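Some notes on the structure that comes next.
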Number of protein chains: 4
Amino acid sequence: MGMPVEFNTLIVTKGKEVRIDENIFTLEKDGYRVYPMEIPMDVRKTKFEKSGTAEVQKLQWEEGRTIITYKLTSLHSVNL
Amino acid sequence: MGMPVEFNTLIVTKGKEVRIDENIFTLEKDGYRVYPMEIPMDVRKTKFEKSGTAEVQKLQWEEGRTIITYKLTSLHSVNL
Amino acid sequence: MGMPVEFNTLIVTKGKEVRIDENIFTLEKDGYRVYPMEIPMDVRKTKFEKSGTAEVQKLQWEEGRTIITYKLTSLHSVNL
Amino acid sequence: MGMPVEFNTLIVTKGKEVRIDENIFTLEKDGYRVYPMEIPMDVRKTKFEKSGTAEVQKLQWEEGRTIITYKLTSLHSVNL
């Protein structure tokens with residue numbers, strides 16, 4: 001018994017995200033996570049500023065892990 | 001933001017439940033748990049015979065713990 | 001924002017389940033549902049008559065719908 | 001008979017919040033909501049700017065409604 005899940009309000013890519021297309025990426029997290037779907041949210045490299053905005057297109061759970069596929073809709077402080 | 005919760009489908013009272021009225025009890029669990037509300041579910045003393053059926057009337061989270069108030073709607077193998 | 005989900009404790013196949021292998025099936029539900037993972041639960045044709053027991057191996061969300069892949073571990077009243 | 005809940009990442013007080021002490025308020029929402037606990041989040045009057053930061057101290061569910069008690073830790077654009 002006991003179905004544990006984690007609710008996330010932000011996409012934090014530890015530089016481990018993978019692009020499968022032009023603006024859509026995939027991120028694999030440990031544990032069963034719940035991410036707002038179709039809703040725009042903040043994306044960042046580290047838990048600590050803002051790297052951009054994105055919207056999860058798909059979310060799946062399998063073997064204690066969760067992998068999301070999101071569409072990056074904008075970049076924040078893009079230097080230079 | 002790393003908000004962990006546990007989903008429970010059954011009420012497991014380690015004999016630590018407290019009755020506040022005639023058929024309604026209160027159970028305190030460790031961690032923020034999610035219990036089906038207004039929905040009837042099984043209640044047992046341990047992981048090892050159905051003790052009855054109940055329905056959560058109230059659920060609260062506070063200081064890493066969760067305390068529920070349920071209404072016992074029936075008893076199972078009530079021995080003589 | 002507002003991220004709505006539904007917590008299910010049982011697998012109710014309206015006869016709309018599809019087997020992709022020998023004992024593993026796939027069921028598509030409306031809305032983003034949360035099902036206990038790796039945990040055994042009851043499976044029935046309708047909300048009325050247990051058909052068997054199963055365990056969800058994978059769960060995914062996409063376009064307001066949820067599709068689960070479960071492994072049937074046993075059959076209940078298998079008539080002859 | 002599913003168990004529907006809504007995940008919120010921000011406190012949106014439609015001007016319907018009530019203070020029970022000096023810096024702690026209480027907000028009643030429709031539906032069973034899940035709010036990050038002990039974790040600081042943004043608070044605003046409407047879904048439109050930032051009114052301050054707060055941290056939920058208690059959360060309860062009862063009769064399809066949810067009422068939270070949060071501690072306001074700071075004010076944003078406090079005019080004058």
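For the structure tokens, the naming scheme is as follows: chains receive sequential letters (A, B, ...) according to their order of presentation, residues are indexed from 1 within each chain, and ligands are indexed from 1 in presentation order.
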Counting only C-alpha atoms, which residues from chain A have an atom at most 9 Å from any atom of chain D, and could you show them as an mmCIF file with N, CA, C and O atoms, in the first residue's frame?
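Output file out13.cif follows:
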```
data_model
loop_
_atom_site.group_PDB
_atom_site.id
_atom_site.type_symbol
_atom_site.label_atom_id
_atom_site.label_comp_id
_atom_site.auth_asym_id
_atom_site.auth_seq_id
_atom_site.Cartn_x
_atom_site.Cartn_y
_atom_site.Cartn_z
ATOM 1 N N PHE A 7 4.545 16.400 -6.483
ATOM 2 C CA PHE A 7 3.941 17.467 -7.280
ATOM 3 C C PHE A 7 4.996 18.530 -7.573
ATOM 4 O O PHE A 7 5.612 19.087 -6.655
ATOM 5 N N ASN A 8 5.213 18.801 -8.857
ATOM 6 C CA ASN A 8 6.193 19.793 -9.269
ATOM 7 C C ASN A 8 5.513 20.962 -9.958
ATOM 8 O O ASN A 8 4.612 20.781 -10.768
ATOM 9 N N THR A 9 5.953 22.169 -9.631
ATOM 10 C CA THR A 9 5.363 23.360 -10.222
ATOM 11 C C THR A 9 6.296 23.997 -11.258
ATOM 12 O O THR A 9 5.902 24.890 -12.019
ATOM 13 N N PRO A 36 1.844 19.927 -14.140
ATOM 14 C CA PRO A 36 0.631 20.522 -14.716
ATOM 15 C C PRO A 36 0.686 20.209 -16.202
ATOM 16 O O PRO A 36 1.742 20.345 -16.811
#
```
Applying 10 Å and only C-alpha atoms, which residues near stretch 20-32 of chain D remain after dropping the ones on its own chain fewer than 2 positions away? List them as a PyMOL selection string. (chain B and resi 37) or (chain D and resi 3-7+11-18+34-35+54-74)
Please produce chain A as an mmCIF file with N, CA, C and O atoms, in the first residue's frame once it has been superposed on chain C, the fit using all Cα atoms paired in sequence order.
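That gives us out_6.cif:
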```cif
data_model
loop_
_atom_site.group_PDB
_atom_site.id
_atom_site.type_symbol
_atom_site.label_atom_id
_atom_site.label_comp_id
_atom_site.auth_asym_id
_atom_site.auth_seq_id
_atom_site.Cartn_x
_atom_site.Cartn_y
_atom_site.Cartn_z
ATOM 1 N N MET A 1 -4.814 28.002 -14.705
ATOM 2 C CA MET A 1 -4.482 27.339 -13.418
ATOM 3 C C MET A 1 -5.462 26.207 -13.147
ATOM 4 O O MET A 1 -6.488 26.107 -13.816
ATOM 5 N N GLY A 2 -5.147 25.358 -12.173
ATOM 6 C CA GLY A 2 -6.034 24.257 -11.834
ATOM 7 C C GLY A 2 -5.774 22.951 -12.570
ATOM 8 O O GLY A 2 -6.408 22.676 -13.590
ATOM 9 N N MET A 3 -4.852 22.143 -12.048
ATOM 10 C CA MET A 3 -4.506 20.852 -12.629
ATOM 11 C C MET A 3 -5.368 19.777 -11.980
ATOM 12 O O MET A 3 -5.052 19.286 -10.898
ATOM 13 N N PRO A 4 -6.473 19.392 -12.636
ATOM 14 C CA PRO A 4 -7.408 18.371 -12.143
ATOM 15 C C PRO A 4 -6.972 16.944 -12.457
ATOM 16 O O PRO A 4 -6.571 16.664 -13.578
ATOM 17 N N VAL A 5 -7.039 16.056 -11.469
ATOM 18 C CA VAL A 5 -6.666 14.661 -11.667
ATOM 19 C C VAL A 5 -7.665 13.802 -10.929
ATOM 20 O O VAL A 5 -8.317 14.279 -9.999
ATOM 21 N N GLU A 6 -7.796 12.541 -11.337
ATOM 22 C CA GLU A 6 -8.730 11.622 -10.681
ATOM 23 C C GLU A 6 -7.952 10.442 -10.083
ATOM 24 O O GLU A 6 -7.096 9.856 -10.750
ATOM 25 N N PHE A 7 -8.229 10.119 -8.824
ATOM 26 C CA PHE A 7 -7.566 8.995 -8.166
ATOM 27 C C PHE A 7 -8.461 7.761 -8.264
ATOM 28 O O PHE A 7 -9.621 7.781 -7.835
ATOM 29 N N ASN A 8 -7.921 6.692 -8.841
ATOM 30 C CA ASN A 8 -8.669 5.454 -8.996
ATOM 31 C C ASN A 8 -8.040 4.344 -8.175
ATOM 32 O O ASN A 8 -6.825 4.194 -8.140
ATOM 33 N N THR A 9 -8.880 3.560 -7.512
ATOM 34 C CA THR A 9 -8.384 2.472 -6.684
ATOM 35 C C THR A 9 -8.629 1.108 -7.338
ATOM 36 O O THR A 9 -8.103 0.078 -6.899
ATOM 37 N N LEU A 10 -9.427 1.123 -8.403
ATOM 38 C CA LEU A 10 -9.751 -0.082 -9.154
ATOM 39 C C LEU A 10 -9.667 0.135 -10.666
ATOM 40 O O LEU A 10 -9.859 1.250 -11.156
ATOM 41 N N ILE A 11 -9.347 -0.935 -11.393
ATOM 42 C CA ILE A 11 -9.281 -0.877 -12.843
ATOM 43 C C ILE A 11 -10.647 -1.329 -13.326
ATOM 44 O O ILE A 11 -11.017 -2.483 -13.111
ATOM 45 N N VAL A 12 -11.399 -0.425 -13.949
ATOM 46 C CA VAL A 12 -12.706 -0.772 -14.487
ATOM 47 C C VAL A 12 -12.620 -0.727 -16.004
ATOM 48 O O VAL A 12 -12.602 0.353 -16.586
ATOM 49 N N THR A 13 -12.539 -1.891 -16.644
ATOM 50 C CA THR A 13 -12.462 -1.964 -18.111
ATOM 51 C C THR A 13 -13.863 -2.093 -18.686
ATOM 52 O O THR A 13 -14.507 -3.133 -18.512
ATOM 53 N N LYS A 14 -14.346 -1.064 -19.371
ATOM 54 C CA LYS A 14 -15.699 -1.129 -19.949
ATOM 55 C C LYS A 14 -15.702 -2.059 -21.177
ATOM 56 O O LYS A 14 -16.408 -1.814 -22.152
ATOM 57 N N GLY A 15 -14.917 -3.127 -21.109
ATOM 58 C CA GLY A 15 -14.827 -4.035 -22.219
ATOM 59 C C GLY A 15 -14.020 -3.362 -23.303
ATOM 60 O O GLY A 15 -13.942 -3.854 -24.422
ATOM 61 N N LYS A 16 -13.411 -2.232 -22.965
ATOM 62 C CA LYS A 16 -12.603 -1.474 -23.920
ATOM 63 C C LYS A 16 -11.095 -1.671 -23.777
ATOM 64 O O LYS A 16 -10.328 -0.931 -24.387
ATOM 65 N N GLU A 17 -10.667 -2.662 -22.997
ATOM 66 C CA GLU A 17 -9.238 -2.898 -22.829
ATOM 67 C C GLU A 17 -8.666 -3.617 -24.036
ATOM 68 O O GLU A 17 -9.380 -4.328 -24.735
ATOM 69 N N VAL A 18 -7.373 -3.428 -24.279
ATOM 70 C CA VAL A 18 -6.692 -4.058 -25.412
ATOM 71 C C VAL A 18 -5.434 -4.796 -24.972
ATOM 72 O O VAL A 18 -4.593 -4.226 -24.285
ATOM 73 N N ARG A 19 -5.292 -6.056 -25.361
ATOM 74 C CA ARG A 19 -4.091 -6.785 -24.985
ATOM 75 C C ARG A 19 -2.990 -6.556 -26.015
ATOM 76 O O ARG A 19 -3.214 -6.687 -27.211
ATOM 77 N N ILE A 20 -1.805 -6.195 -25.538
ATOM 78 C CA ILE A 20 -0.672 -5.944 -26.413
ATOM 79 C C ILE A 20 0.280 -7.116 -26.342
ATOM 80 O O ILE A 20 1.195 -7.225 -27.152
ATOM 81 N N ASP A 21 0.071 -7.984 -25.358
ATOM 82 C CA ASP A 21 0.911 -9.161 -25.186
ATOM 83 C C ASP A 21 0.034 -10.282 -24.664
ATOM 84 O O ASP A 21 -1.160 -10.322 -24.957
ATOM 85 N N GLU A 22 0.610 -11.182 -23.877
ATOM 86 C CA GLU A 22 -0.161 -12.298 -23.355
ATOM 87 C C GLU A 22 -0.978 -11.975 -22.106
ATOM 88 O O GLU A 22 -2.168 -12.282 -22.032
ATOM 89 N N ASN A 23 -0.349 -11.358 -21.119
ATOM 90 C CA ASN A 23 -1.067 -11.039 -19.901
ATOM 91 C C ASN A 23 -1.112 -9.545 -19.588
ATOM 92 O O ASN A 23 -1.674 -9.132 -18.570
ATOM 93 N N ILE A 24 -0.520 -8.734 -20.455
ATOM 94 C CA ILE A 24 -0.527 -7.291 -20.242
ATOM 95 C C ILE A 24 -1.510 -6.595 -21.187
ATOM 96 O O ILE A 24 -1.515 -6.828 -22.390
ATOM 97 N N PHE A 25 -2.342 -5.729 -20.628
ATOM 98 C CA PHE A 25 -3.342 -5.021 -21.407
ATOM 99 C C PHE A 25 -3.115 -3.511 -21.362
ATOM 100 O O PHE A 25 -2.229 -3.013 -20.659
ATOM 101 N N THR A 26 -3.908 -2.782 -22.135
ATOM 102 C CA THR A 26 -3.831 -1.333 -22.128
ATOM 103 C C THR A 26 -5.264 -0.824 -22.027
ATOM 104 O O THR A 26 -6.164 -1.351 -22.671
ATOM 105 N N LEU A 27 -5.468 0.175 -21.181
ATOM 106 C CA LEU A 27 -6.776 0.756 -21.003
ATOM 107 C C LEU A 27 -6.650 2.280 -21.116
ATOM 108 O O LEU A 27 -5.752 2.881 -20.516
ATOM 109 N N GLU A 28 -7.551 2.891 -21.888
ATOM 110 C CA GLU A 28 -7.561 4.330 -22.089
ATOM 111 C C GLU A 28 -8.746 4.922 -21.358
ATOM 112 O O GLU A 28 -9.882 4.511 -21.577
ATOM 113 N N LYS A 29 -8.467 5.877 -20.471
ATOM 114 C CA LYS A 29 -9.495 6.559 -19.691
ATOM 115 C C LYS A 29 -9.534 8.050 -20.031
ATOM 116 O O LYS A 29 -8.558 8.633 -20.501
ATOM 117 N N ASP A 30 -10.680 8.665 -19.784
ATOM 118 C CA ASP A 30 -10.869 10.083 -20.044
ATOM 119 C C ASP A 30 -10.364 10.844 -18.816
ATOM 120 O O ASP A 30 -10.614 10.427 -17.687
ATOM 121 N N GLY A 31 -9.658 11.951 -19.036
ATOM 122 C CA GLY A 31 -9.133 12.731 -17.931
ATOM 123 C C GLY A 31 -7.814 12.192 -17.384
ATOM 124 O O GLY A 31 -7.489 11.026 -17.589
ATOM 125 N N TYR A 32 -7.038 13.027 -16.691
ATOM 126 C CA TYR A 32 -5.757 12.592 -16.111
ATOM 127 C C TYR A 32 -5.988 11.784 -14.848
ATOM 128 O O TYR A 32 -6.302 12.344 -13.811
ATOM 129 N N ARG A 33 -5.851 10.462 -14.936
ATOM 130 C CA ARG A 33 -6.059 9.595 -13.769
ATOM 131 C C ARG A 33 -4.761 9.165 -13.059
ATOM 132 O O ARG A 33 -3.689 9.058 -13.675
ATOM 133 N N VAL A 34 -4.872 8.930 -11.755
ATOM 134 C CA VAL A 34 -3.742 8.472 -10.944
ATOM 135 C C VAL A 34 -4.078 7.048 -10.486
ATOM 136 O O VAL A 34 -5.095 6.813 -9.844
ATOM 137 N N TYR A 35 -3.229 6.095 -10.847
ATOM 138 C CA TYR A 35 -3.441 4.702 -10.484
ATOM 139 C C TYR A 35 -2.251 4.253 -9.659
ATOM 140 O O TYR A 35 -1.117 4.705 -9.898
ATOM 141 N N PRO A 36 -2.483 3.387 -8.649
ATOM 142 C CA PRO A 36 -1.372 2.904 -7.819
ATOM 143 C C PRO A 36 -0.439 2.171 -8.770
ATOM 144 O O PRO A 36 -0.906 1.411 -9.611
ATOM 145 N N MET A 37 0.863 2.398 -8.661
ATOM 146 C CA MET A 37 1.797 1.750 -9.560
ATOM 147 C C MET A 37 2.479 0.557 -8.893
ATOM 148 O O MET A 37 2.693 0.568 -7.683
ATOM 149 N N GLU A 38 2.803 -0.481 -9.671
ATOM 150 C CA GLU A 38 3.481 -1.664 -9.131
ATOM 151 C C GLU A 38 2.692 -2.382 -8.040
ATOM 152 O O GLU A 38 3.095 -3.444 -7.585
ATOM 153 N N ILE A 39 1.587 -1.782 -7.608
ATOM 154 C CA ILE A 39 0.741 -2.334 -6.550
ATOM 155 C C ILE A 39 -0.435 -3.094 -7.147
ATOM 156 O O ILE A 39 -1.073 -2.619 -8.083
ATOM 157 N N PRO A 40 -0.739 -4.284 -6.611
ATOM 158 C CA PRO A 40 -1.851 -5.108 -7.096
ATOM 159 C C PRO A 40 -3.213 -4.546 -6.722
ATOM 160 O O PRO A 40 -3.415 -4.130 -5.592
ATOM 161 N N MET A 41 -4.143 -4.535 -7.671
ATOM 162 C CA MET A 41 -5.485 -4.023 -7.419
ATOM 163 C C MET A 41 -6.541 -4.825 -8.157
ATOM 164 O O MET A 41 -6.222 -5.648 -9.016
ATOM 165 N N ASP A 42 -7.802 -4.576 -7.822
ATOM 166 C CA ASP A 42 -8.921 -5.288 -8.437
ATOM 167 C C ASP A 42 -9.279 -4.772 -9.815
ATOM 168 O O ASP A 42 -9.183 -3.581 -10.074
ATOM 169 N N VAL A 43 -9.684 -5.671 -10.705
ATOM 170 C CA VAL A 43 -10.087 -5.267 -12.047
ATOM 171 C C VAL A 43 -11.470 -5.825 -12.324
ATOM 172 O O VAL A 43 -11.763 -6.966 -11.987
ATOM 173 N N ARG A 44 -12.324 -5.005 -12.923
ATOM 174 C CA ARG A 44 -13.671 -5.434 -13.217
ATOM 175 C C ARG A 44 -14.213 -4.818 -14.491
ATOM 176 O O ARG A 44 -13.755 -3.762 -14.913
ATOM 177 N N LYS A 45 -15.187 -5.501 -15.098
ATOM 178 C CA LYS A 45 -15.796 -5.064 -16.344
ATOM 179 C C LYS A 45 -16.651 -3.838 -16.105
ATOM 180 O O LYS A 45 -16.636 -2.899 -16.897
ATOM 181 N N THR A 46 -17.395 -3.836 -15.008
ATOM 182 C CA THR A 46 -18.243 -2.692 -14.716
ATOM 183 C C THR A 46 -17.963 -2.112 -13.330
ATOM 184 O O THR A 46 -17.495 -2.807 -12.432
ATOM 185 N N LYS A 47 -18.256 -0.824 -13.175
ATOM 186 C CA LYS A 47 -18.052 -0.127 -11.916
ATOM 187 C C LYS A 47 -18.734 -0.843 -10.753
ATOM 188 O O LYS A 47 -18.144 -0.975 -9.682
ATOM 189 N N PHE A 48 -19.971 -1.294 -10.980
ATOM 190 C CA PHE A 48 -20.783 -2.027 -9.998
ATOM 191 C C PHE A 48 -19.964 -3.093 -9.299
ATOM 192 O O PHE A 48 -19.740 -4.165 -9.872
ATOM 193 N N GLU A 49 -18.827 -6.490 -10.048
ATOM 194 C CA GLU A 49 -18.115 -7.336 -9.088
ATOM 195 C C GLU A 49 -16.652 -7.385 -9.464
ATOM 196 O O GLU A 49 -16.139 -6.446 -10.070
ATOM 197 N N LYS A 50 -15.982 -8.481 -9.123
ATOM 198 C CA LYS A 50 -14.554 -8.599 -9.407
ATOM 199 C C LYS A 50 -14.231 -9.539 -10.564
ATOM 200 O O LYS A 50 -14.621 -10.692 -10.563
ATOM 201 N N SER A 51 -13.516 -9.014 -11.547
ATOM 202 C CA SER A 51 -13.127 -9.753 -12.727
ATOM 203 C C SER A 51 -11.708 -10.331 -12.621
ATOM 204 O O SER A 51 -11.343 -11.265 -13.343
ATOM 205 N N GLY A 52 -10.913 -9.768 -11.722
ATOM 206 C CA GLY A 52 -9.559 -10.239 -11.551
ATOM 207 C C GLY A 52 -8.659 -9.261 -10.824
ATOM 208 O O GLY A 52 -9.106 -8.236 -10.294
ATOM 209 N N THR A 53 -7.374 -9.583 -10.792
ATOM 210 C CA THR A 53 -6.403 -8.739 -10.124
ATOM 211 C C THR A 53 -5.359 -8.330 -11.140
ATOM 212 O O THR A 53 -5.023 -9.108 -12.029
ATOM 213 N N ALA A 54 -4.847 -7.110 -11.021
ATOM 214 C CA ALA A 54 -3.833 -6.653 -11.956
ATOM 215 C C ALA A 54 -2.846 -5.680 -11.298
ATOM 216 O O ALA A 54 -3.016 -5.282 -10.148
ATOM 217 N N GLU A 55 -1.813 -5.312 -12.041
ATOM 218 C CA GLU A 55 -0.796 -4.403 -11.557
ATOM 219 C C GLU A 55 -0.325 -3.491 -12.684
ATOM 220 O O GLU A 55 0.246 -3.969 -13.665
ATOM 221 N N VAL A 56 -0.551 -2.186 -12.546
ATOM 222 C CA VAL A 56 -0.144 -1.244 -13.589
ATOM 223 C C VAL A 56 1.385 -1.232 -13.771
ATOM 224 O O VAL A 56 2.131 -1.078 -12.808
ATOM 225 N N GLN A 57 1.840 -1.409 -15.014
ATOM 226 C CA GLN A 57 3.265 -1.432 -15.332
ATOM 227 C C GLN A 57 3.683 -0.073 -15.857
ATOM 228 O O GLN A 57 4.830 0.343 -15.704
ATOM 229 N N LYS A 58 2.754 0.616 -16.503
ATOM 230 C CA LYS A 58 3.057 1.932 -17.058
ATOM 231 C C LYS A 58 1.826 2.811 -17.067
ATOM 232 O O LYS A 58 0.710 2.316 -17.163
ATOM 233 N N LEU A 59 2.033 4.116 -16.952
ATOM 234 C CA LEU A 59 0.920 5.066 -16.969
ATOM 235 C C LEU A 59 1.355 6.333 -17.679
ATOM 236 O O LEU A 59 2.422 6.856 -17.407
ATOM 237 N N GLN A 60 0.555 6.808 -18.623
ATOM 238 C CA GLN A 60 0.903 8.036 -19.314
ATOM 239 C C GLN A 60 -0.267 8.984 -19.461
ATOM 240 O O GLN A 60 -1.423 8.569 -19.484
ATOM 241 N N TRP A 61 0.059 10.269 -19.542
ATOM 242 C CA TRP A 61 -0.918 11.342 -19.690
ATOM 243 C C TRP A 61 -0.617 12.050 -20.992
ATOM 244 O O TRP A 61 0.539 12.274 -21.325
ATOM 245 N N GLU A 62 -1.659 12.405 -21.725
ATOM 246 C CA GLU A 62 -1.505 13.102 -22.998
ATOM 247 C C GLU A 62 -2.863 13.574 -23.475
ATOM 248 O O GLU A 62 -3.827 12.812 -23.476
ATOM 249 N N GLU A 63 -2.936 14.846 -23.857
ATOM 250 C CA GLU A 63 -4.179 15.446 -24.344
ATOM 251 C C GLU A 63 -5.416 15.104 -23.501
ATOM 252 O O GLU A 63 -6.317 14.392 -23.955
ATOM 253 N N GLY A 64 -5.433 15.595 -22.265
ATOM 254 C CA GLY A 64 -6.556 15.359 -21.382
ATOM 255 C C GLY A 64 -6.961 13.923 -21.121
ATOM 256 O O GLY A 64 -7.916 13.682 -20.383
ATOM 257 N N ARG A 65 -6.265 12.956 -21.708
ATOM 258 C CA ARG A 65 -6.617 11.555 -21.461
ATOM 259 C C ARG A 65 -5.449 10.807 -20.815
ATOM 260 O O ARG A 65 -4.307 11.288 -20.814
ATOM 261 N N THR A 66 -5.752 9.643 -20.248
ATOM 262 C CA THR A 66 -4.752 8.816 -19.594
ATOM 263 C C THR A 66 -4.876 7.381 -20.053
ATOM 264 O O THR A 66 -5.963 6.822 -20.020
ATOM 265 N N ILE A 67 -3.761 6.778 -20.457
ATOM 266 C CA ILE A 67 -3.764 5.393 -20.903
ATOM 267 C C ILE A 67 -2.825 4.555 -20.037
ATOM 268 O O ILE A 67 -1.648 4.856 -19.942
ATOM 269 N N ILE A 68 -3.338 3.508 -19.400
ATOM 270 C CA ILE A 68 -2.490 2.644 -18.564
ATOM 271 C C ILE A 68 -2.210 1.290 -19.208
ATOM 272 O O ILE A 68 -2.993 0.799 -20.022
ATOM 273 N N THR A 69 -1.089 0.688 -18.835
ATOM 274 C CA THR A 69 -0.739 -0.636 -19.325
ATOM 275 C C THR A 69 -0.589 -1.508 -18.091
ATOM 276 O O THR A 69 0.329 -1.317 -17.299
ATOM 277 N N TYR A 70 -1.496 -2.454 -17.914
ATOM 278 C CA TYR A 70 -1.422 -3.292 -16.744
ATOM 279 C C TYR A 70 -1.232 -4.769 -17.071
ATOM 280 O O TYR A 70 -1.541 -5.230 -18.176
ATOM 281 N N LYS A 71 -0.705 -5.495 -16.089
ATOM 282 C CA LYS A 71 -0.457 -6.925 -16.193
ATOM 283 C C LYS A 71 -1.524 -7.613 -15.369
ATOM 284 O O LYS A 71 -1.604 -7.399 -14.172
ATOM 285 N N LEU A 72 -2.362 -8.422 -16.009
ATOM 286 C CA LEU A 72 -3.415 -9.146 -15.296
ATOM 287 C C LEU A 72 -2.744 -10.328 -14.578
ATOM 288 O O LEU A 72 -2.146 -11.186 -15.233
ATOM 289 N N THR A 73 -2.828 -10.372 -13.246
ATOM 290 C CA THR A 73 -2.185 -11.453 -12.481
ATOM 291 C C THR A 73 -3.098 -12.589 -12.052
ATOM 292 O O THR A 73 -2.633 -13.581 -11.509
ATOM 293 N N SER A 74 -4.393 -12.449 -12.291
ATOM 294 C CA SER A 74 -5.329 -13.496 -11.913
ATOM 295 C C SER A 74 -6.762 -13.128 -12.288
ATOM 296 O O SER A 74 -7.093 -11.947 -12.415
ATOM 297 N N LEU A 75 -7.595 -14.153 -12.464
ATOM 298 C CA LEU A 75 -8.995 -13.991 -12.812
ATOM 299 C C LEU A 75 -9.826 -14.417 -11.620
ATOM 300 O O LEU A 75 -9.443 -15.328 -10.894
ATOM 301 N N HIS A 76 -10.966 -13.762 -11.412
ATOM 302 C CA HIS A 76 -11.823 -14.074 -10.270
ATOM 303 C C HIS A 76 -12.841 -15.168 -10.575
ATOM 304 O O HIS A 76 -12.496 -16.355 -10.622
ATOM 305 N N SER A 77 -14.096 -14.786 -10.783
ATOM 306 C CA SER A 77 -15.145 -15.763 -11.072
ATOM 307 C C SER A 77 -15.163 -16.225 -12.530
ATOM 308 O O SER A 77 -16.140 -16.012 -13.231
ATOM 309 N N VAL A 78 -14.093 -16.859 -12.989
ATOM 310 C CA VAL A 78 -14.062 -17.331 -14.364
ATOM 311 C C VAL A 78 -15.027 -18.500 -14.561
ATOM 312 O O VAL A 78 -14.704 -19.651 -14.249
ATOM 313 N N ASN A 79 -16.212 -18.197 -15.087
ATOM 314 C CA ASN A 79 -17.223 -19.223 -15.302
ATOM 315 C C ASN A 79 -16.794 -20.384 -16.204
ATOM 316 O O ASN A 79 -15.972 -20.223 -17.130
ATOM 317 N N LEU A 80 -17.379 -21.549 -15.892
ATOM 318 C CA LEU A 80 -17.102 -22.802 -16.565
ATOM 319 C C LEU A 80 -15.639 -23.104 -16.244
ATOM 320 O O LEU A 80 -14.761 -22.798 -17.078
#
```
I need the residues of chain B that end up classed as strand (DSSP E) by DSSP on the backbone, written out as a ChimeraX atom specification. /B:3-7,11-12,18-19,24-30,33-34,40-44,52-62,65-75
